[PDB]
Every structure is written in structure tokens, then in C-alpha cells.
Amino acid sequence: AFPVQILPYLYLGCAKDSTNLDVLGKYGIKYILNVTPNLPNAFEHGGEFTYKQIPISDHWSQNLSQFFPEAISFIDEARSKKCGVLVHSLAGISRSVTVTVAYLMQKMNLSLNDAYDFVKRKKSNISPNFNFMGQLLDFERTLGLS
């Protein structure tokens, strides 16, 4: 139905959220972070939207943390001008959740544990793939939060 608001201007969702012009418009979302290699940037052209695509599949072979700096900077670009950004994947449970947790760790200076708890409480169905959680553990070390 509706993407979850994780922080002001920061929304977490699935592919159906990404292709719902009514809901995007309702919540002031004009930035879309498409964390898939294969879903279209549906509304990128000729309109008011700004897209970034992180071409990672929801799969144990994938290195999503290499893209954290690019993803996090794109989210902050939106949020800093009070424009909604939707971080989405196909299901809204793994890739998008991973990027959202990474964002919270860096931007709010949260441990992985505190960031994960925060998101899990707002969206009980989150199911980030085991390799992405391993990569979040590594990213926590690079931030100096462990």
C-alpha cells in the first residue's frame, strides 16, 4: 500500500511502491534509489524525478557495500533539500533494507545493532540476506562503530 517512512524524507519500499505515481506524489517523493540491476527507472524521463540505480541482485554472490558511499550520498542529497527519497528493491525486504541500515549507521552514528533494531521495529518483515548482513558488519568496522 504505502512505503514506510524511516526518517523524515526517507522512505523504504518495494517495486510496486516505485511504480505508483499517486503514492510517490502523495508523499513528496522525487528521488528514487533503485537497488536492482534489472528493474526500470520507470519515471526517469521527461518528468520531475531524479534516479540512481545500484545494480545488485538479492543474492549471496553480490557486493552491495562497495556502493554504500554512492547510495548514502544520494539519499542525503534528497533529504538535505527536504525532498522525499524512496530506497527500493523488488520485495522491499533485503537490498533496500541493507542500504537503509547503512545510511542510518553513517548519518546517525549508530551501531549496526541500533540501526537494525530501529528499522526492524518500523518494518517487522525485513529479511536482509546473510551476505549483506556480513557486509554491514564490515562497514560498521570501517565507520569506527566497532
Side-chain angles (χ1 to χ4, degrees), residues 1 3-24 26-45 47 49-80 83-143 145-146:
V4 187
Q5 195 195 83
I6 298 295
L7 291 175
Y9 307 106
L10 175 55
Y11 299 81
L12 175 60
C14 69
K16 290 250 145 43
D17 300 323
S18 77
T19 57
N20 186 341
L21 286 165
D22 180 305
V23 176
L24 297 164
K26 182 180 174 179
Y27 295 118
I29 298 160
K30 304 174 170 43
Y31 275 60
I32 299 169
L33 185 64
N34 175 7
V35 198
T36 74
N38 65 340
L39 303 184
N41 290 344
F43 310 130
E44 184 166 17
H45 308 289
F49 291 94
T50 299
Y51 279 77
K52 179 169 285 297
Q53 184 170 10
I54 294 163
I56 288 288
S57 60
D58 193 20
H59 189 261
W60 49 259
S61 66
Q62 301 293 275
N63 176 359
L64 183 52
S65 56
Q66 69 186 312
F67 290 106
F68 289 161
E70 159 172 28
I72 293 174
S73 291
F74 183 77
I75 292 160
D76 222 66
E77 177 169 324
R79 301 187 67 241
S80 71
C83 183
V85 54
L86 176 67
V87 182
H88 83 89
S89 49
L90 175 60
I93 63 186
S94 176
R95 286 167 285 190
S96 51
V97 171
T98 298
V99 165
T100 298
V101 171
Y103 176 82
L104 299 171
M105 291 165 62
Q106 180 168 322
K107 178 72 177 200
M108 294 178 75
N109 273 89
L110 295 182
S111 68
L112 170 55
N113 289 351
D114 281 326
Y116 176 97
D117 181 15
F118 179 87
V119 178
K120 182 82 174 307
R121 283 169 176 269
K122 313 191 89 145
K123 186 176 207 294
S124 69
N125 83 337
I126 64 169
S127 312
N129 222 59
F130 75 92
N131 63 309
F132 299 147
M133 288 292 281
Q135 292 162 33
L136 286 164
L137 288 155
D138 291 329
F139 184 59
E140 184 177 44
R141 278 183 284 273
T142 71
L143 293 181
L145 297 170
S146 84

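In this chain, numbering begins with 1 at the start of the sequence shown. Values reported hereafter were calculated over all heavy atoms of this structure, with side chains retained and with hydrogens, waters and symmetry mates removed.
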Under 4.5 Å between any side-chain heavy atoms of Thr50 and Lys30, yes or no?
-> no

Does some side-chain heavy atom of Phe68 sit less than 4.5 Å from a side-chain heavy atom of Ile54?
-> no

Return yes if some donor-acceptor pair links the side-chain N/O of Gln135 with the main-chain N/O of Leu64 below 3.5 Å, else return no.
-> yes

Find the distance between CD (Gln5) and NZ (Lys123) and round it off to the nearest 0.5 Å.
-> 15.0 Å

Looking only at non-hydrogen atoms, find the nearest pair between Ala115 and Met105 and report the distance.
-> CB-CG, 3.7 Å

Any residue meeting ring pair (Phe, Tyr, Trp, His ring centres under 6.0 Å) with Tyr116, in chain and number order, not counting sequence neighbours = none

What pairs with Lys120 under side chain to side chain donor-acceptor pair (under 3.5 Å), at least two apart in sequence or on another chain?
-> none

Kindly compute the distance separating CG (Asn34) from OG (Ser96), expressed to the nearest 0.5 Å.
-> 10.5 Å

Tell me, please, which residues at least two apart from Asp117 pass salt bridge (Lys or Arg N to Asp or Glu O under 4.0 Å).
-> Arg121

Answer yes or no: is there a side-chain heavy-atom contact under 4.5 Å between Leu145 and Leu112?
-> no

Nearest heavy-atom approach of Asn113 to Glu140 is N-OE2, 4.3 Å

Drop me the distance from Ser111's OG to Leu143's CG, to the nearest 0.5 angstrom.
-> 11.0 Å

Value rounded to 0.5 Å, distance of NE2 in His45 from OH in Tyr51 = 9.0 Å

Going through the distances and angles, do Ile6 and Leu104 end up as a side-chain contact (heavy atoms from CB on, under 4.5 Å)?
-> CA-CA 9 Å; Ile6 298 295; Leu104 299 171; 4.0 Å; yes

Do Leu7 and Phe118 touch side chain to side chain, with heavy atoms closer than 4.5 Å?
-> yes

Please report the C-alpha distance between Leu12 and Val119 in whole Å, then the side-chain angles of each, then the deciding distance to 0.1 Å, and finally whether the side-chain contact (heavy atoms from CB on, under 4.5 Å) criterion is met.
-> CA-CA 10 Å; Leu12 175 60; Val119 178; 4.1 Å; yes

Please report the closest heavy-atom contact between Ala71 and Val99, naming both atoms and the distance.
-> CB-CG1, 3.8 Å

For residues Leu90 and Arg95, determine if any side-chain heavy atom of one lies less than 4.5 Å from a side-chain heavy atom of the other.
-> yes

Heavy-atom check, side chain of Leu24 versus side chain of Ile32, under 4.5 Å | yes

Is the closest side-chain donor-acceptor distance between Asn125 and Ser127 under 3.5 Å?
-> no

Hey, does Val23 have a side-chain heavy atom less than 4.5 Å from the side chain of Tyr27?
-> yes

Side chain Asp17, main chain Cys14, donor-acceptor under 3.5 Å | yes

Measure the shortest side-chain to side-chain distance between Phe132 and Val101 over non-hydrogen atoms and say whether it is less than 4.5 angstrom.
-> no

Verify, without hydrogens or angle tests, whether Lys107 (side chain) and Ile75 (backbone) share a donor-acceptor contact under 3.5 angstrom.
-> no

The reported gap from CG in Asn129 to CG in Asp58 (rounded to nearest 0.5 angstrom) is 5.0 Å

List the steps and the verdict of side-chain contact (heavy atoms from CB on, under 4.5 Å) for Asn41 and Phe49.
-> CA-CA 10 Å; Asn41 290 344; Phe49 291 94; over 6 Å; no

Exercise: identify the closest heavy-atom pair between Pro3 and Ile29 | CG-CD1, 4.4 Å

Test item: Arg79 side-chain N/O and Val85 main-chain N/O as donor-acceptor pair under 3.5 Å = no

Got a second to check how far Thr98's OG1 is from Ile93's CD1, nearest 0.5 Å?
-> 10.5 Å

Nearest heavy-atom approach of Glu77 to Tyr31 is OE2-OH, 2.7 Å

For residues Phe43 and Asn20, report the shortest heavy-atom separation together with the two atoms involved.
-> CE1-N, 4.2 Å

